[PDB]
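These notes concern the structure reproduced below.
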Amino acid sequence: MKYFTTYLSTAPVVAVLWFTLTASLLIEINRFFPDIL
Amino acid sequence: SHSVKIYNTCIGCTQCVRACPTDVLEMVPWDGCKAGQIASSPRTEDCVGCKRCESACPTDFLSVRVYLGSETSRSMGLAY
Amino acid sequence: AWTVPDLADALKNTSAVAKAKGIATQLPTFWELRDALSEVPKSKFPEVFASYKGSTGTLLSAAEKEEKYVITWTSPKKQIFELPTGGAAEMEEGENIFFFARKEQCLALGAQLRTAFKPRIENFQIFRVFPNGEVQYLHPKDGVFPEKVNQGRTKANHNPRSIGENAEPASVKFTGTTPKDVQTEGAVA
Amino acid sequence: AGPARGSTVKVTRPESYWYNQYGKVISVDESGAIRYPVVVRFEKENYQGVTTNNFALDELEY
Amino acid sequence: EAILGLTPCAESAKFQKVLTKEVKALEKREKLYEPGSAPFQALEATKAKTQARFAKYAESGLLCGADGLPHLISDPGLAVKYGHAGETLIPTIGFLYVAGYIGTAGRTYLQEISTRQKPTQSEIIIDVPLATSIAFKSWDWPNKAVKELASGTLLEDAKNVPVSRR
Ligand code: CLA
Ligand code: CLA
Ligand code: CLA
Ligand SMILES: CC1=C(C#C/C(C)=C/C=C/C(C)=C/C=C/C=C(C)/C=C/C=C(C)/C=C/[C@@]23O[C@]2(C)C[C@@H](O)CC3(C)C)C(C)(C)C[C@H](O)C1
Ligand SMILES: CC1=C(/C=C/C(C)=C/C=C/C(C)=C/C=C/C=C(C)/C=C/C=C(C)/C=C/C2=C(C)CCCC2(C)C)C(C)(C)CCC1
Ligand SMILES: CC1=C(/C=C/C(C)=C/C=C/C(C)=C/C=C/C=C(C)/C=C/C=C(C)/C=C/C2=C(C)CCCC2(C)C)C(C)(C)CCC1
Ligand SMILES: CC1=C(/C=C/C(C)=C/C=C/C(C)=C\C=C\C=C(C)\C=C\C=C(C)\C=C\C2=C(C)CCCC2(C)C)C(C)(C)CCC1
Ligand code: SF4
Ligand code: SF4
């Protein structure tokens, strides 16, 4: 590892990671507090 | 026939002339640019309208311009 | 100096003309080939087949009734080139002649002659041939290739402005003119 | 007058891709026969994919 | 309070019909399994959640239609006067806060990298420290918005905006 973090900084990796976290957060909220209308 | 016109923004790079597949354009001498040549279109009865010249031109809004017009058997690219 | 060349001087070489007619003929109808094979024994079958030398990409009836095109050049060696009408042919050492049905096919072969051979061939001449027998020389029209500037050439269809300085169509209505052809220097037909 | 080599100009030629945009001057030609003497370079390429163009003095704001 | 011809879900018979219809389906599925088995437990969890959900909708002042399904009120005046602001009006404010935040973070990062040597390299390779800093400093985004607006630093002037031949 000397340029591996720069690879992780590229747009599709950062996108996959960000969506995964944002999705995970919404899933976990919809586990704890379901059926908000 | 199509009509090919050259405007005074030409810089005489010869790229349009090189691009043309039916020998319509040539370079003639001129004093309006550093290269001392402008493009010209003597043989527009042989122009097929491909617009390859306009793709080659590097000036901002092209100095060569092809206005499509009436069709002939030459302009329609027919081998029959 | 440079003078306008003649196709007649090129067409004197009867072998090169024979070859040109051979290659610019259409492939035969199945009926005709059947008859040709019918008149020979079996050993001579490839010779019959070897007698055809054309393709389906060659001249049709328009060439006879409207105009055909001829390209001539001289090669330093016998080499295989690619026809613009599909397939391959052999240029001979010495004079080559080839008939085509469009000017774009001629110049396509010309473009191949000037790029795809190690001694580059620069000496091709293209002519237009009418049915009556008039031959008009086309290219290179003044001896110099058109990408090179040559004295004696004049400006054709030059507009002495930029393209943004053209008029509006609504300003030349019912007058018989367009904005693009106003004040054009060297306006050809 | 001409702009200085290295100065910044604003294009005022309406048919240009870089109208109302700023470019760097690279070269000025001094002959009077030349119709578009100033060479300008821009950061944003146009649709053709080029980044440079010749201009006249009456098409620049410097 | 019944408005617009709607009944409250808490005192609607069609609401109960719907709950019955869902619970009955789950019972039918349970008939196939054995009362201790793990599929059975799954179907019980499903049924529990279902009854809980209907109970929640009942004590929320939701308003049912003739279909027996809850209906939302979107005029803010009607919503606030009859206690339905949680259906659309609060979510509005909630969406507009988060959308303003995302915009502000994005605009900020773009204005920051635009002063770099090759600004386009910082668009395909994200400057992750810079991006995290911007993401967390942008929680008070109306500060920046109202400042930019009132000062005049929000809009580019028309003379600097590329435009066509008009
Ligand atoms: C090997 C597989 C692979 C795949 C599938 C992709 C796919 C993509 N790359 Mg590429 N890329 C790759 C290899 C790959 N790349 C490599 C080896 C390099 C050299 C490092 C690049 C360099 C590169 C650059 C520089 C860029 C891309 C971009 C892109 C995106 C194109 C625009 C787009 O679709 O954005 C729309 C975005 C999406 C559709 C988001 C998808 C993200 C994940 C997959 C979804 C996860 C969300 C959730 C958990 C599940 C889905 C549910 C949801 C849809 C509701 C696309 C994600 C461009 C981009 O803009 O990406 C942001 C971009 O700038 N890539
Ligand atoms: C409407 C149908 C039709 C038309 C308009 C043409 C027209 C043409 N054919 Mg084609 N041809 C056809 C059907 C047709 N053909 C069929 C069905 C076959 C058999 C597959 C052929 C085999 C064929 C050959 C080998 C050649 C041509 C050639 C030509 C061209 C010159 C004239 C000729 O020599 O005919 C030639 C011969 C025929 C038309 C055969 C007639 C078929 C008879 C009536 C039997 C059909 C039924 C039979 C059970 C099928 C046997 C299949 C078996 C061989 C596997 C001309 C463009 C020539 C060409 O391409 O010049 C470059 C050429 O060399 N044709
Ligand atoms: C900084 C990011 C940003 C900001 C502040 C804006 C702001 C705006 N957009 Mg634009 N847009 C953006 C990115 C952005 N956009 C991107 C990435 C795309 C390509 C998909 C577009 C495509 C687009 C279109 C086609 C249109 C707009 C329009 C608009 C205007 C009205 C609101 C809207 O339509 O939202 C809609 C926004 C989208 C459809 C794109 C989603 C933007 C994402 C969710 C946020 C930015 C993502 C970015 C990667 C964040 C990285 C930040 C991080 C590194 C710190 C508003 C000025 C409209 C307009 O012109 O109004 C007059 C319009 O038609 N936008
Ligand atoms: C998402 C997001 C944001 C964020 C965020 C952040 C930082 C959130 C943090 C997330 C975090 C911190 C995620 C938790 C991990 C825990 C897991 C997965 C479970 C543990 C794993 C399990 C199940 C362990 C179980 C066991 O030990 C048991 C019981 C017995 C052992 O014999 C065996 C094992 C080991 C199996 C912003 C910044 C707020 C806004 C942005 O817009 C979007
Ligand atoms: C190769 C590559 C790539 C690719 C990628 C991809 C394609 C991906 C995908 C991805 C994906 C596809 C993702 C996914 C996600 C998911 C998620 C996000 C999930 C979550 C979940 C959860 C959170 C859950 C939980 C739960 C529940 C709910 C219940 C119970 C159990 C549990 C707890 C588990 C990229 C582009 C980077 C580029 C470079 C290379
Ligand atoms: C959950 C929830 C919430 C929240 C939410 C949010 C906050 C969201 C966000 C979201 C987001 C943030 C999203 C985004 C998205 C985006 C997209 C999806 C986009 C797309 C785009 C497109 C598609 C485009 C296209 C185009 C172009 C680019 C150009 C040309 C034209 C066109 C148009 C084609 C609330 C609070 C309300 C409440 C509760 C529930
Ligand atoms: C409230 C409400 C309502 C209504 C409303 C209305 C009626 C309104 C209107 C309105 C109008 C009639 C208008 C408006 C206008 C607007 C504008 C004009 C805007 C602007 C914006 C901007 C400018 C921007 C922004 C931004 C961005 C993009 C980025 C980030 C930052 C900022 C924020 C700056 C309803 C019922 C629906 C629902 C409930 C709520
Ligand atoms: S349109 Fe094609 S044939 Fe006509 S001048 Fe341009 S390049 Fe030559
Ligand atoms: S018209 Fe364009 S391509 Fe042709 S010589 Fe002039 S500048 Fe070069």
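Chains as they are written, first to last, in the deposited numbering: chain J, 1 to 37; chain C, 2 to 81; chain D, 316 to 504; chain E, 100 to 161; chain F, 168 to 333. Every residue, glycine too, gets a C-beta built ideally from N, C-alpha and C.
Is residue j closer than 8 Å to residue i when the C-beta atoms are compared?
| i | j | result |
| --- | --- | --- |
| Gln-498/D | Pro-461/D | no |
| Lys-35/C | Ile-133/E | yes |
| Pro-43/C | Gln-466/D | no |
| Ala-323/D | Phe-413/D | no |
| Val-108/E | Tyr-146/E | no |
| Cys-231/F | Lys-304/F | no |
| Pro-320/D | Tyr-452/D | yes |
| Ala-504/D | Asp-496/D | no |
| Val-110/E | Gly-122/E | yes |
| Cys-51/C | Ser-2/C | no |
| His-454/D | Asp-32/C | no |
| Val-16/J | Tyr-7/J | no |
| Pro-136/E | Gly-479/D | no |
| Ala-266/F | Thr-255/F | no |
| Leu-79/C | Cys-54/C | no |
| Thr-60/C | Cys-11/C | yes |
| residue 339/F | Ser-9/J | Chain F is shown only over 168 to 333; residue 339/F falls outside these bounds and no answer can be derived. |
| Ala-23/J | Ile-291/F | no |
| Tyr-249/F | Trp-306/F | no |
| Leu-375/D | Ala-416/D | yes |
| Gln-218/F | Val-190/F | yes |
| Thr-213/F | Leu-193/F | yes |
| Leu-210/F | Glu-197/F | yes |
| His-238/F | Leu-173/F | yes |
Can you tell me which residues form a DSSP beta bridge with residue i?
| i | result |
| --- | --- |
| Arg-140/E | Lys-123/E, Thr-151/E |
| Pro-237/F | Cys-231/F |
| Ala-40/C | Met-28/C |
| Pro-175/F | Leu-230/F |
| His-473/D | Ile-7/C, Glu-500/D |
| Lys-380/D | The partner list for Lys-380/D (beta bridge, DSSP) is empty, contrary to what the question assumes. |
| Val-450/D | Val-444/D |
| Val-108/E | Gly-122/E |
| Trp-388/D | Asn-411/D |
| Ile-395/D | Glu-405/D |
| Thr-493/D | In DSSP, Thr-493/D forms no bridge with anything. |
| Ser-370/D | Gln-341/D |
Under 8 Å by Cβ, that's how I've got residue i and residue j pegged, so tell me the actual separation to the nearest angstrom.
| i | j | result |
| --- | --- | --- |
| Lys-470/D | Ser-4/C | About 15 Å separates the two Cβ atoms, so there is no contact after all. |
| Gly-458/D | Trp-317/D | 4 Å |
| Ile-39/C | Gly-13/C | 6 Å |
| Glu-397/D | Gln-427/D | 7 Å |
| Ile-386/D | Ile-441/D | 5 Å |
| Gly-235/F | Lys-184/F | 6 Å |
| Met-28/C | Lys-327/D | At roughly 34 Å, the Cβ-Cβ gap does not stay under 8 Å, so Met-28/C and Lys-327/D are not in contact. |
| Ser-477/D | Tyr-68/C | Actually they do not touch by this definition, with Cβ atoms about 16 Å apart. |
| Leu-422/D | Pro-22/C | 6 Å |
| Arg-104/E | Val-127/E | 7 Å |
Q. Do the stretch 4-23 of chain C and the stretch 46-64 of chain C make contact, defined as three or more Cβ pairs closer than 8 Å?
A. yes
Q. Can at least three beta-carbon pairs, one atom from the stretch 401-415 of chain D and one from the stretch 383-393 of chain D, be found at a separation below 8 Å?
A. Output reads yes: the stretch 383-393 of chain D touches the stretch 401-415 of chain D.
Q) Touching or not, the stretch 356-370 of chain D and the stretch 429-438 of chain D, by the rule of three or more beta carbon pairs under 8 Å? A) no
Q | Validate contact between the stretch 172-189 of chain F and the stretch 223-232 of chain F using beta carbons, cut 8 Å, 3 pairs | A | yes
Q) Are at least three pairs of beta-carbons, each pair with one atom in the stretch 260-277 of chain F and one in the stretch 295-314 of chain F, less than 8 Å apart? A) yes
Q) In chain order, which continuous runs of the beta strand (DSSP E) of length 3 or greater are located wholly inside the stretch 397-444 of chain D? A) 403-406, 409-415, 440-444
Q. Counting pairs of Cβ atoms below 8 Å between the stretch 321-331 of chain F and the stretch 112-123 of chain E, do you hit three or more?
A. yes
Q.
So within the stretch 41-73 of chain C, which uninterrupted alpha helix (DSSP H) runs reach at least 4 residues, ignoring any that extend past its ends?
A. 53-57
Q | Three CB pairs or more closer than 8 Å across the stretch 439-450 of chain D and the stretch 376-389 of chain D | A | yes
Q) Residue ranges of each alpha helix (DSSP H) run of no fewer than 4 residues wholly in the stretch 277-318 of chain F, ordered along the chain? A) 288-291, 295-304, 309-318
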